[PDB]
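Notes for the structure review
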Amino acid sequence: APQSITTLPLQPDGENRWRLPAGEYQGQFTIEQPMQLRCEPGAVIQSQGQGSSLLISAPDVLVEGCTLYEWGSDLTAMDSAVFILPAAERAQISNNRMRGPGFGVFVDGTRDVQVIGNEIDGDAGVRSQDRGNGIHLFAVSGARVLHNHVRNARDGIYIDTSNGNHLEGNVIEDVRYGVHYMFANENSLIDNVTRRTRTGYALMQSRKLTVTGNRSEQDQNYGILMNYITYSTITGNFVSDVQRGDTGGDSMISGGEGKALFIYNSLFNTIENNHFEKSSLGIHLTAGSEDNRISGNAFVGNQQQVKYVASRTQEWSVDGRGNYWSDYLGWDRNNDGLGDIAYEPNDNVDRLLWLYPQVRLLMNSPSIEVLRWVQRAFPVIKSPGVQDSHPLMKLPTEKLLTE
Amino acid sequence: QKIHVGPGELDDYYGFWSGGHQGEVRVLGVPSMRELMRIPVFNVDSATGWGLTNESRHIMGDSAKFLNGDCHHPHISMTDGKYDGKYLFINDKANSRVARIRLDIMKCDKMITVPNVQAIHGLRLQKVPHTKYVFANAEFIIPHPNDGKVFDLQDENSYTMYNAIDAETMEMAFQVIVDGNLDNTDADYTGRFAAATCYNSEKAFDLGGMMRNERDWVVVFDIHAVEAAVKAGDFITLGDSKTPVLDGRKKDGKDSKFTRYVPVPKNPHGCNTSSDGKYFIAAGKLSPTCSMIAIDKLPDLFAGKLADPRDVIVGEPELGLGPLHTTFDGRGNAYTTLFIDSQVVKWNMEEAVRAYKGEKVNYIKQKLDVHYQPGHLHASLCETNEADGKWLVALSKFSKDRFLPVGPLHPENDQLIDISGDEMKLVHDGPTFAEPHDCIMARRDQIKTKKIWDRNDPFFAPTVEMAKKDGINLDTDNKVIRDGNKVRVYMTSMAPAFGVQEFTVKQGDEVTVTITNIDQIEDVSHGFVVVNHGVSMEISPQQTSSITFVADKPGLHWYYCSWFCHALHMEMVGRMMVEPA
Amino acid sequence: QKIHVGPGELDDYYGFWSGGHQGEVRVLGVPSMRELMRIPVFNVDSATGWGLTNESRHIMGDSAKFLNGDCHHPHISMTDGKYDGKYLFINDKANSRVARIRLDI
Amino acid sequence: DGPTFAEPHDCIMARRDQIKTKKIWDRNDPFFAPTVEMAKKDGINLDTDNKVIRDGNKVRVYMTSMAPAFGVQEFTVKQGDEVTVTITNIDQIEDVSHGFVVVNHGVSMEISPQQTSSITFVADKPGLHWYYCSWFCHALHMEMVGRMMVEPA
C-alpha cells in the first residue's frame, strides 16, 4: 500500500495542496499527512481488486475529483474506497466518483468529517447481500453528508452509534435500504431522495432526530420504518408507491404488504405535514405510541390507510387539525369547519374506495347517508381506536407534491 | 386444530419454558398454555423448599449462598436425534451454572458451577449418538487468571471458552479457548461439528465498539478432534480445576486444529441446525440476513481441502430487520423472528439456496405480525429429526397494552401460532412473568413420569446415608438423636398427623428435621413449615427430606403442615420446645 | 358466558390469587385466567430483585432473614363497602406477617 | 379449568374499572423515598448524575440507566468493600424496563421506568466482573454491559 508521496505530486504552494495529473494510477493508496489532494477532471485509481484504495490516516485531508474503480470485494476486512481512520478528523471527501463491489466511504469514529457531492456506484454482478454498503458511518460525530449520489450498493447510506450528523440531499437509488440507521441520537435528515429500494428510511432505535423535508419515491416493502424513535420532529416526508414483495409466480398471503409509515414503539414524535400516497398501507401503529402528535398529514390512494392495533384511544388531531384522509366520506357543512364526522377508519370501506373510486358518489346518496348516520351512532364494526375529531377536507402538503 | 383444551380434555404437548430471570422452569400444557408445574432450579422456592432443604443445598454445593439465577435455554436430552425425556439441561447466565432436571420427578438433580468463565449464555445438547456432551457458551470475556493483576481486556490472556460438560457424570469434560465471545451454540446431527455465534469479534469493552466490524464470525468446533486431543493429553489447565482446556484461538493466521472461523454479518444472535441436519442457520441481529452453512461441507473445511472460510456459506437469505432465532417445521421450511420489523417470517431453505445460486425465487412465503418485539421462537420437536410442525410459540419481549395494566412492570407475551397448515395464524396470547427467553416442546408420549418416588432414588441418597450412619430405618422409625448441639429428628409422615409431635431442644441447637412420606397414594403431598424460623419444605410420597436450622429463639414454637394433606390439615401440627441455656 | 379472550382483546376482571407456599400474589386475568403478573411479597425473587435490593430489605425490616413465606387470604382495601383499588393486604403464616400491596405499582 | 401451582388458598376479584395503575413510576413515590433521602445525604441528584463515591470501605455508585447503556460503565473498587449500586431509570417510555445483574455475585434487580433501586453487595472475589442487563429493553441489548474492576487486596 504505497502512499500518496509516491506517484506525481505536482505541488501547489501553501503545502496544504497537492494536485494530481491524469492517468491510470494502479494500486492502493494511504494518506498519512495533512493533504488536499485535488486532481484534474479525469484521473483513475485502478485498485486491481485488493481492497483499501484510500486509507486516510491523518487529520485535515481533502480529496476532490478522484475516480476509483474495483477497489475491493472482501467485506470481512471492511475493504472500501475511502477508509477514514478515527484520527483523521475534519477530513473532506468531495466530488469523487466510485464504482466498486464494496464500501464507498467508510468513516470510523472520526468527527467533523465532510462527505459532499460524491457519486457512488456498485456493480450488479455480486448479490445484494455481498455488494457492500455505501457511506458507512460508525461512531461519527459532527459529520455532514450532503448531496451524495449512491447507487447499486446495499443499505444505501448507513449510520451507526453516531450523534453529530447532518444529512442533506442524498440521492439513493437501487439499494436494499435507503438510509439504514441504528442507534443514532440527535441527528438530522433533510431533502434525501430514496428510489427503487426495499426500505426507504429505516429509522431504528434512536432519539431526538429531525427527518424534515425528506422524500421517498417508488420504494418497496416499507416507506418510513420507525422503531423506538422518540422526541423527534418527523415532518415534510413524501412516500409514494411502496410496492409489495411480488416477483415471480408467488403471493405472500397476509404478508409482504407495503407500508408508507411503519411507526412502532415511538411514544413521542411531532409527525406533521407529511404526504403518504399510493401505498399498500399507511401509519401502521403497533406497540405503544401514546402522546405522539400527528396532524396535517395527507393519505391519498391507500389500499388501507391505517392499521391501529392498540386497545387505547388516541386522537391524531392536535389543536383542531387532522389529516386529509381521502377515504373520508362527505360533510364539510360549515365553510371551514374542517369536518363534522370524525374519521373512524374501516378497513373494508378503504378497499372499496380505492378499487372502485366512484363508490363515494354511491355513498353520498341520502339513503346511504342516513344508513351511515345510523352506523356512526350504533357502532357496527368494533372501533379501530384511531379517530380524528377534526379531519381535513382541503388537501395540505400541496407545496411538496412535485418539487 | 384444537385451540381449546377444555375441562376433561387433556393437553397435547409438554412445554418447558424457562423461568427467565426468576430462575425457575415452567412446564405448560400446549396448546392450553397454562402453568402445569414450576420446577425451582436456581431461585430459593418456599414452596418445595428448594435452597432450604438439605438435599437442595447439597445439590447446589457452594452456590447456595446465591439467591438468584438467570436461566435462558432449556433443552431435553436426545437419543438417536430424538427426545427421550431422560434429563433436561438448563443454564444460568447470572452465576454461570448448568443444571440438570430429572424429567421423571420434575426436580433438578445436578448443578455444576463451570469454572474460570463468566455468564453462561449459550446451551445446547449433542444429538448423535446421544446426549453425551452438553455445550455451553461464556458470553463475557475475563482475564486469566482473574486474580486482579491485569484488568486489560485486549491482553493475550483475555478470552472466553466453549465449555463442554459430560451429560451423565456432570463433570466438565473440556473447554476450548476461542476469540471473541460466544452468544448462542448449536450442534449438528453428525455428532462431529458444533457451532456457536461470535458477536464481539471487535473485542471492545465500550458501548459502540462491538459493532465496528462489518462481519462477526460463527466458530465451528470439530468435536472428534477435541476428543482425540483430550485422549492424547495435550491439554492445558487453569486455576484449581483440572478441567481439560484446549486452544482454538488463531495463531498468526494459522487456524487451530479444533476450531474454524466462518464470517457472518453482523453480530449474529441465533444458531440452529436443520431438521434433516443439512444447514446451520445463523441469525444476524444487525444485518437483514441469515447465514446458511452446508454442514456436509464442514468435513472438507476442517480437512484443509476447502478454500476461503465463507465458501461454506451455501445461502444468505434476506428476510427483514433483525433476524433473531430460527425454528424448523420439518417440512422443508424455517420460521424466523424479525425483531426490528417485529414479525415472524416463513421461508424455505431449499428455495433460499436456489436463490443464492442465482435463480430468481421468492423464498419468503409469509410474514405474520407477532406482537410485539419477538425474541426466540420454537416449533414443536424442532430440535429433533422428527419435527411435526403443528405448533409454534414465539416469545415477544414487550406486551405494551396486549394485557391488563399491571403497573410499571409488564409481562412478556408468548404467542401460539398454528403452523399445521400452510398458513400461520395466531391462536393464543399468554402473559409470562420474568421473561422466558426460549422454550422447548415434547409430545405427551415422550416424557415418562413417576407418580410416587422410589425409595432408592439418588436425589435424597445423602440423607439416607446419614440415616444409616445413625442407624435409622427411615421407612418406619420416628426418633430424636442428640449429638453435641446437633439435634436430628427422623419421622415418618402420613395424613393426618406427624410422627413426632414434639421434641425439646436447647437454645442455639442446629436442629435437623427429616421427614419421610410413606403414603403410597398419589398426589397426597405433605408440607412442613416452622413458624418464625424460615423453615419450609414439601414432602412428596415416598420422599424423605431434611432441613437444618438454628433454634435461636427460646420458648414454645408451633410448626404446621402447609400443603393440604387431608380435610384436617389445620389439625396436623407440632410443638418444638426450646429451653433457655 | 363467552370464555375465549382472543389476541388483541383485554380481560374483564382482575383476579388476585395468593401464591400459597410461593409467598407471592398472582394477578390473573378473568375469564382468560392467564398470569398477568406475579407480584413478589414474601419470597426472595430473582426477577424484580425483591428481597435483595435495599428498598425491599428496608420494607421487610428485620424479617428479611426469612427466605420463605406462606400467603393464604388476599383482600383489597375498600371504602364504604366498595373497592377503591388502593391497597391489597395479604397474610403470612410461615413468619406471622401482614403485607400491603399498592395496586398502582 | 386451570392449573395453579403451590396451592392458592384463596382469591379476590375486581373489575377493570376498579383497579387503576401507573404506566411509569413517579419520582415522589414513597416506595423508594429512603434511597432518595440517601442521595440527599450525599448531595447527589439521581435524575442526571453518574458518580462514584468512596468513603472508607463503603463505596456507593449512583448512576442513571437508559436503554441501552448504563450511565457508569466502569467503577473501580478494592476488595472487601460493601458496594451499594444505586441505579435510576431516566427512561420515560412505558414497558421499557432494565435490569442490573452482577455475574457471580448473586445480585439481580429490576428497574421500571423512573424507578430507583439500590443493592449492597460485597466484592469478595478480586478481578474483572462483567455485569449485564437482565430485562430485555433495546435492540442492542448485547452492549448494555458494564465491567466492575475490583482491585486485589
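Residues numbered from 1 in each chain as written, not as in the entry; some residues may be left out. Chains lettered and ligands numbered in written order. Part of a larger assembly, values for the part shown. Heavy atoms only, no water.

Structure determination for this PDB entry was carried out by cryo-EM, with a resolution of 3.78 Å recorded in the header.

Summing up its helical and strand segments, chain D has one helix and eleven strands in all. Counted from the first residue to the last, chain D has its helices and strands arranged as β-α-β-β-β-β-β-β-β-β-β-β. Its C-alpha atoms give chain D principal-axis dimensions of about 60 × 35 × 35 Å. Taking all 153 residues of chain D together, 59% fall into the buried category. (Helix = DSSP H or I, 4+ residues; strand = E, 2+ residues; numbered from the N terminus. Buried < 20%, exposed > 50% of the residue type's maximum accessible area, 1.4 Å probe, protein only.)

Regarding its fold elements, chain C presents one helix and six strands. Shown N-terminal to C-terminal, the secondary structure of chain C runs as helices and strands in the order β-β-β-α-β-β-β. Along the first, second and third principal axes, the C-alpha atoms of chain C reach 45 × 35 × 20 Å. Within chain C, buried positions represent 63% of all 105 residues. A sequence separation of at least 24 residues applies to 31% of the contacts in chain C between residues at least 6 apart. Counting every atom, chain C has about 4,100 Å² of accessible surface; 53% of that belongs to carbon and sulfur. Of the charged side chains in chain C, 12 are positive and 13 negative, and the gap between their average positions amounts to 3 Å. (Contact = heavy atoms within 4.5 Å. Areas by Shrake-Rupley, 256 points an atom, 1.4 Å probe, with all protein chains shown as cover. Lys, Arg positive; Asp, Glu negative; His and termini not counted. Charge placed at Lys NZ, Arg CZ, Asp CG, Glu CD.)

Contacts between chain A and chain B engage 52 residues on the former and 35 residues on the latter. Counting the surface lost from both chain A and chain B, the interface buries some 3,500 Å², and carbon and sulfur atoms represent 51% of this. Counting the surface chain A buries against chain B, the share from its top three residues, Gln 129, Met 252 and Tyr 264 of chain A, is 15%. Across the chain A-chain B interface, the total number found is five salt bridges. One salt bridge in this structure joins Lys 266 of chain B and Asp 160 of chain A, with 3.7 Å as the shortest N-O distance. Where chain A meets chain B, there are twelve residue pairs in polar contact. Sorting the residues of the side of chain A that touches chain B by element identifies β12 (103-108), β15 (134-138), β18 (157-160), β21 (179-182), β26 (224-230), β28 (261-264) and β30 (284-286) of chain A as the ones contributing at least two each. Top contributing element to the side of chain A that touches chain B by residue count: β12 of chain A, with three residues. In the side of chain A that touches chain B, the residues fall into 21 nonpolar, 19 polar and twelve charged. (Buried area = accessible area lost by both parts, 1.4 Å probe. Salt bridge = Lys/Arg side-chain N within 4 Å of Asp/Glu carboxyl O. Polar contact = N/O pair within 3.5 Å; in protein donor to acceptor, adjacent residues only side chain to side chain. Nonpolar A, V, L, I, M, F, W, Y, C, P; charged D, E, K, R; others polar.)

All names here are of chain A. Topologically, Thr 397 is positioned in the segment after α3 (366-375). On the basis of relative accessible area, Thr 397 is assigned to the buried category, the value being 9%. Engagement of the side chain of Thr 397 in a polar contact is seen with the side chain of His 275, the distance being 3.4 Å.

Glancing now at the interface of chain B and chain D. In this complex, chain B contributes 57 residues to the contact, which on the side of chain D involves 53 residues. Approximately 4,800 Å² of surface area, both sides summed, lies buried where chain B meets chain D, with 64% of it carried by carbon and sulfur atoms. The largest contributions to the chain B side of the interface with chain D come from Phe 151, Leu 207 and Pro 408 of chain B, which together make up 15% of the buried area. Taken together, the connections running from chain B to chain D amount to zero salt bridges. Those elements that provide at least two residues to the side of chain B that touches chain D are β3 (34-39), β8 (118-125) and β10 (142-143) of chain B. Among the residues forming the side of chain B that touches chain D, the class breakdown is 30 nonpolar, 14 polar and 13 charged.

With that settled, consider the nonpolar core. Formed by 73 residues in total, the largest nonpolar core has its most connected members in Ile 84, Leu 203 and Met 226 of chain A. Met 161, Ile 447, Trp 453 and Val 464 of chain B belong to the second largest nonpolar core, which has 55 residues in total. (Core = buried A, V, L, I, M, F, W, Y, C linked by side-chain atoms within 4.5 Å.)

Proximity of charged atoms lets side chains of opposite charge pair with each other. Applying the stated criterion to the full structure yields 63 salt bridges over all chains. The partner of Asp 121 of chain A in a salt bridge is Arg 151 of chain A, with the nearest N and O atoms 3.8 Å apart. Of this pair, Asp 121 of chain A sits in strand β14 (residues 119-121) while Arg 151 of chain A sits in strand β17 (residues 149-151); the two residues are 30 residues apart in sequence, bridging distant segments of the chain. With relative accessibility at 27%, the residue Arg 151 of chain A sits in the partly exposed group. Ionic pairing is found between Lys 390 of chain B and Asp 388 of chain B, a salt bridge with its closest N-O pair at 3.6 Å. The class of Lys 390 of chain B is partly exposed, set by a relative accessible area of 32%. Each of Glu 24, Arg 26, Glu 35 and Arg 38 of chain B together with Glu 24, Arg 26, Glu 35 and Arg 38 of chain C takes part in one network of salt bridges that share partners.

Residues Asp 74 and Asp 130 of chain A together with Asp 308 and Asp 311 of chain B make up a contiguous surface patch of negative charge. Mapped onto the elements of the fold, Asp 311 of chain B is located in the loop between α3 (298-303) and β22 (313-315). Overall, the relative accessible area of 36% leaves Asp 311 of chain B in the partly exposed class. (Patch = residues over 30% accessible without salt bridge, like charges linked within 9 Å, V, L, I, M, F, W, Y side chains within 5 Å.)

This brings us to the sheet that holds strand β28 (residues 392-396) of chain B. Residue and element names in this part refer to chain B. Here we have four strands laid out as an open sheet, ordered β27-β28-β29-β30, and antiparallel in their pairing. In this open sheet, the two strands that pair with only one neighbour each are β27 (374-379) and β30 (425-432). Neighbouring strand axes in the sheet, compared pairwise and without regard to direction, differ in orientation by 20° on average. The pairing of β28 with strand β29 (residues 412-418) spans five bridges and is classified as antiparallel. Paired with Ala 394 across the bridge in β29 is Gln 415. (Pairing = 2+ DSSP bridges. Axes fitted to C-alpha atoms, helices over the stretch in contact; angles between N-to-C directions.)

Let's shift gears to the state of the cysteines. Residues and elements named next belong to chain B. Across all of its chains, the model carries zero disulfides over all chains by this definition. We note that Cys 439 lacks a disulfide partner, and the nearest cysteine sulfur, in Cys 382, lies 8.2 Å from it. Owing to a relative accessible area of 0%, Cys 439 belongs among the buried residues under this scheme. For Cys 565, which is in no disulfide, the shortest distance to another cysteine sulfur is to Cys 561 and amounts to 4.9 Å. Relative accessible area serves as the criterion here: at 10%, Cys 565 is assigned to the buried category. (Disulfide = S-S within 2.5 Å.)

We now examine helix α2 (residues 223-232) of chain B. Residue and element names in this part refer to chain B. Every buried residue of α2 is accounted for by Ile 223, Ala 225, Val 226 and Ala 229. For α2, the angular spread of buried residues about the axis comes to 155°, placing them on one side. Exposed side chains of α2 directed beyond 90 degrees from the buried face belong to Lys 231 and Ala 232. For α2, the secondary structure elements touched by its buried residues are β9 (133-140), β12 (172-178), β14 (193-198), β15 (218-222) and β17 (241-247). Residue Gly 233 follows α2 closely and has a positive phi angle near 85°. (Arc of directions from axis to C-beta.)

Let us look at the side chain of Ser 128 of chain A. By the secondary structure assignment, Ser 128 of chain A is in the loop between β14 and β15. Residue classification places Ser 128 of chain A among the buried residues on the basis of a relative accessible area of 14%. A polar atom in the side chain of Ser 128 of chain A sits 2.7 Å from the side chain of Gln 129 of chain A. Apart from the residues within four sequence positions on either side, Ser 128 of chain A is in contact with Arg 154, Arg 176 and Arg 198 of chain A together with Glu 318 of chain B.

On the surface, a cluster of nonpolar side chains totalling about 520 Å² of accessible area is made up of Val 370, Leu 371, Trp 373, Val 374 and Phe 378 of chain A. Tracing the chain through its elements places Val 370 of chain A in helix α3.

Turning next to the packing of aromatic side chains. Residues and elements named next belong to chain A. Per the stated rule, a full pass over the model turns up 37 aromatic pairs over all chains. Look at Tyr 222 and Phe 262: their rings are 5.3 Å apart centre to centre, the planes differ by 70°, and that puts the pair in the edge-to-face class. Residue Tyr 222 is found in the loop between β25 (215-216) and β26, and its partner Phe 262 is found in strand β28; the two are separated by 40 residues along the sequence. Here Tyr 222 and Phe 262 have matching classes, each one buried. (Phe/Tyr/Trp six-rings, centres within 6.5 Å; stacked < 30°, edge-to-face > 60°.)

Residue and element names in this part refer to chain B. Of the two faces of strand β21 (residues 291-294), the one lined by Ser 291 and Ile 293 and the one lined by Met 292 and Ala 294 are each fully buried. Taken together, the four bridges between strand β20 (residues 279-282) and β21 define a ladder with antiparallel strand orientation. Across the sheet, the residue bridging to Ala 282 is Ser 291, located in β21. Bridge count for β21 against β22 is two bridges, and the pairing is antiparallel. The partner of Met 292 across the bridge, within β22, is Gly 315.

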